[PDB]
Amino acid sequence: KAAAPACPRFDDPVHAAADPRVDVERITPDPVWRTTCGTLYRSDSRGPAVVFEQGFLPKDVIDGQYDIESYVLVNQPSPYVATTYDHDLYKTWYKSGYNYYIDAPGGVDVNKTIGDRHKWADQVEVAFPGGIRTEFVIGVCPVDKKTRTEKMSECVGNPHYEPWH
């Protein structure tokens, strides 16, 4: 066996952003940025033809909700795209057709930023300001809704994924 190396640290905390107009200075409270580089996940009903082409774009980088606690607690258009550390969080998401696999630098670690006592701490979220370019989306597995399992023979890799570590 072999021990794992550390992660490349990018200088720009929103290097991964699909929409660079995001204003890092407006993020509240003070963000604690993720410095690890393991696979993250996103439940999304949008199909891979769209996500692989566009990446994950945020709803509103201009007038969206930049306060993380507010965005977590009350769903409102925001500059953030939510992801999770938890491969299995898709099992709790009703109706979301796909479990996307993400290999992206950075993101705001929600529980490190607003604590792990809030209602949704169990989501172990990483919030990406400005979203996530397609080159950081590994791929996707569709989810069977009846059993809350991945349809592993129907997973698809993103042709635009660019490994970086």
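Start at 1 and count along the sequence shown; that's the residue number.
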{"query": "Which of 137-145 and 12-20 has higher mean CA B factor, as the PDB entry lists it", "finding": "12-20"}
{"query": "Stretch exceeding the other in mean C-alpha B-factor - 93-101, 124-132", "finding": "93-101"}
{"query": "Chain-relative CA temperature factor third for residue 107", "finding": "lowest"}
{"query": "Assigned third (lowest, middle, highest) for the C-alpha B factor of residue 82", "finding": "lowest"}
{"query": "Record-listed C-alpha B factor of residue 28: chain third", "finding": "highest"}
{"query": "Chain-wide C-alpha B factor ranking for residue 49, given as lowest, middle or highest third", "finding": "highest"}
{"query": "Chain third (lowest, middle, highest) by recorded CA B-factor, residue given as residue 38", "finding": "lowest"}
